[PDB]
Amino acid sequence: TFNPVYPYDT
Amino acid sequence: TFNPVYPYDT
Amino acid sequence: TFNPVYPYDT
Amino acid sequence: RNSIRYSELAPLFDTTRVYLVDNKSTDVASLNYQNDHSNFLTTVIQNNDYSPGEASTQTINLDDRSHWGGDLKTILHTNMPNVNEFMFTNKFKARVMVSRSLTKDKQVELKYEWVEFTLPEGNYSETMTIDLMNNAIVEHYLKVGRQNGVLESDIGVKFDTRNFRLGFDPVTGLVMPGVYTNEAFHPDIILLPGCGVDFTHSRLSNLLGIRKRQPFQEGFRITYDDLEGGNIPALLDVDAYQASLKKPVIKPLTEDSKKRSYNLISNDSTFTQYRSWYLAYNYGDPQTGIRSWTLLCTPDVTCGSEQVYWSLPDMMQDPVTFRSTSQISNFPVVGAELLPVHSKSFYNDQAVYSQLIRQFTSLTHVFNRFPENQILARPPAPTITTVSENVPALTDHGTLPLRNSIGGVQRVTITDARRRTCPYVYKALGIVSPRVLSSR
Amino acid sequence: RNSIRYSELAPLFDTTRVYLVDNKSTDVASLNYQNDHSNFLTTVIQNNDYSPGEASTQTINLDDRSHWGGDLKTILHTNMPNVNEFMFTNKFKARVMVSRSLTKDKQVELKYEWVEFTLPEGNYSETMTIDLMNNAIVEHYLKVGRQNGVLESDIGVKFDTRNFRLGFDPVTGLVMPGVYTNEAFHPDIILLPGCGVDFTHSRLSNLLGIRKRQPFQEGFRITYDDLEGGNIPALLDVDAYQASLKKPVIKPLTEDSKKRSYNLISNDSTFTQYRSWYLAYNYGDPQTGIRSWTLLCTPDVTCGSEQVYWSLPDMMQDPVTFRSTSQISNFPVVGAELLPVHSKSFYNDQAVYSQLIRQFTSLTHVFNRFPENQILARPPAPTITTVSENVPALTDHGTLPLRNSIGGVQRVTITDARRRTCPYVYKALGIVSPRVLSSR
Amino acid sequence: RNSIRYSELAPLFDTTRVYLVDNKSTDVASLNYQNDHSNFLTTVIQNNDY
Amino acid sequence: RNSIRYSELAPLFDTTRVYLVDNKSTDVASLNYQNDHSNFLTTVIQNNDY
């Protein structure tokens, strides 16, 4: 339940 | 034991 | 024995 | 009443023009020789007969009964290099690590020392200038560092240009992206414990765009210790975190490919021992940090608009308080003018898409030697590079008082802020137009 | 008191305007013909009736009782080429090898000679100008070199623009990368034993950005012998070293593909016989090297801001010391002005990513004939090219004394530093506005 | 009528030039210190002695 | 009426003093050399510049 707020996929 | 200090690979 | 002085290969 | 007489020629009235010019074929041969375009002699005569020198005997006489003055416009043109020795832009002191040793059974002995690196005159553009600096830090390590312990991992001092803190997450305590976002914002200098840089004798400071908020206090020294609050945070172990999907996260990437340590303060902290100026300025304590005594400024490659002073010792009266002398470095001044150099600005979105391609373009990674280490990497090229550019300057000084007897040979002299000829002058010449001002 | 009369027209007072202009349809037909925009006649009359020439009879009379003067602003416009014959930018002497022979049983007989190569007028841009030069060195080898022994391996003299010394390792004594880092820093000239270049009669020197610290001593000769300390170091045998992982290293690549020798001084030394100016300047003995008598300067394609002098022999009084004559190349001067040419600067990060692509773009490797030899290779294009650009110049000279009787036909003449018409003038014209100055 | 006098030097007439400049080596040392290029002192004197 | 002028310095009036002296460090170097204290040159100038 932690949003890194970063699209690691792409 | 000599560091050319240069990334020859790439 | 003639040097065209030009790298035709590439 | 207001004549203007010469040897034996018809008298002229009211005004005319005397020309100060270096080029003349005759005088160059004889007169100047050991001189240069910044300290030369020239005949004002302009009469085809008469051997220069013998010209020197003659004189242009402005009617005695009146005090004359002359308008003096000049044409100055240089071609001085962005980075050179005379202007103080080719050197700069910095303190780096000299030796890393295993001592007295258990001690880790670190020996640091100050050293002055120099740059190869010319090499314009700001970014590249940075690179040349970083390279000089290295070139030194190559001659002393390695062969005395000290690994690359602990190279002190590196000029970068990015905001190591964009990724940063207020909770994680890490730069989530796993990479210090590779975009250029402003030059800054990064330091490792114990080292730092000094610009006390260099204008390069002005190139980085970092100035003292109190200029006149000679002494620009920026220690590691000064860069309080604002040590480059660490990188998230992007690999661990992802593969692991608790959550690893707390894992702050300790090394990198080719295993170099990111000198983390402790096995716990998310911060690294690497301190960044740019951070301290806007991310540290505003009241006590570095933002307290230094100022974030626009770069400017010229390194600092400096002025040059003119002097025509043998033709103008000596301005208010100057006293007449014969010491080239104290002649009276008659006109001041900024030294002909501008900052042309360009756009290269090609930067960092180019660093990327520039590296293949240049058959060597000479500047990027550590293409893995997120710190020691090669700073991003900023969009909008600046380049000192020389430009002719058609300046115009005012009317200045003249002597009523102008010598055949006049001495022209362009000096700089510190009062010394300036080697970089290619063309200097002026036109004087005398005219009446009042009578005796 | 202050009239201005003409033939039979109402008298005018206080001031007016006489126009000096080439264009006029009538006069061009008759008058000038064998002249050009730098030495022409023109009628000041401006009255539709009256045949030019018959105009010549008439005169504009500025009241006799007063000494008049006139403001003279002019509009000058040229279009002179970066590189041309008249300005001395299309030639340049250099000493190259002429013959390599097998003689008197065991002797190696090397014969060197000076020769003057010329360039094809026009071809702006600095980089390209360099190339055209290097090409001329070659074009000569093609007509004499090869057919007299001398291999490519031993081509003397080549203008490059990089820092053969970036890779350099203070221990190895070699440029570790195995390649002279392909980035452009400043033009310099490289020489082989026995040869060298001379600019004594050429402004191209100024294009390379290399000047004497003592200009007036006519004689710019830069010998191989002069480039003391600072011979391009050699390349590491990158292949050997790596594959070998003692360590080969000491191995300094002796040739290259197509096997050309890098003329190494001896089977031992890491240095090559190739000497670079740029190196000697900032890497050699500062007190005795070349940095002692030459100066590293900003390029500048114009080759040198030169000035032009105006003269209106039949309309202005002759300035202080000039004497009136009829010898076109000695007319009195009334105004000086820099010759209308500027250095526009651009950004082409496309350089060297472009040399790379430029070579495919240009269907030939004409300039890069030796794409393997790290020396004879084609110098990197520098980011920021310069280009001489012609620009109209709305200049303004001061008020100058006038004759109280202005002839119907005035002669206009723009001269150059050496006093000779300048072929490159497309438009020249001036406006004079007379006005009183005092009375007789 | 229109002189311009200074301590003990020949009087000058009609005009001349006084220069306001920060750079001067002497004054920077003494005078300004806690100041900056926007609020500084400078000697107009320009006479090497004194 | 009774001035006493010099190059470019304030004019002086009524009287003053010119000094004839051998010692001067500058002139000894240049001027006299092959001379002696009985036949020598000396600058009366006394102005440090020049």
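Some observations on this one:
Letters A, B, C, D, E, F and G mark the chains as written, and numbering starts fresh at 1 in each.
Convention: a contact is a pair of C-beta atoms (placed from the backbone, for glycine too) under 8 Å apart; a residue touches a chain by one contact, two chains touch by 3 or more.
Chains that touch both chain A and chain G are the following: D.
The leading chain pair by number of C-beta pairs in contact is D-E. Taking the mean Cα position of each chain as its centre, A sits at the greatest distance from chain E.
If you average the CA atoms of chain F and of chain G, the two centres end up 30 Å from each other. Between chain C and chain D the centroid-to-centroid distance comes to 47 Å (mean Cα coordinates, whole Å).
Chain D has its Cα centroid 44 Å from the Cα centroid of chain A. Chain geometry summary: the mean Cα position of chain A and that of chain B are 35 Å apart.
Counting only residues that touch two or more partner chains, chain C has none. Touching two or more other chains at once are residues 142, 323, 330, 365 of chain D. The list of touching chain pairs reads A-D, B-D, B-E, C-E, D-E, D-F, D-G, F-G.
Of all residues in chain B, those touching chain D in their complex are 3, 5-7, 10. Those residues of chain D lying in contact with chain E across their complex are 1-2, 4, 6, 9, 12-19, 21, 23, 25, 28, 32-37, 40, 44-48, 60, 71, 75, 77, 79-82, 84, 90, 118-125, 135, 139, 142-143, 147, 344, 346-348, 350-351, 354, 357-358, 361-366, 385, 387-392, 394, 423-424, 426-427, 429, 431, 433. Note for the complex: chain D touches chain G at residues 318, 323-327, 330.
Of all residues in chain E, those touching chain D in their complex are 67, 69, 163, 166-171, 177, 179-183, 185-186, 206, 209, 211, 213-218, 278, 281-283, 295-300, 304-307, 317, 319-323, 330, 333-336, 338, 342-343, 345-347, 349-350, 352-353, 356, 380, 383-384, 398-401, 417-418, 437-438. Contacts from chain D toward chain F in the complex involve residues 67, 69, 213-218, 307, 317, 319-323, 330, 333-334, 336, 398-401, 417-418, 437-438.
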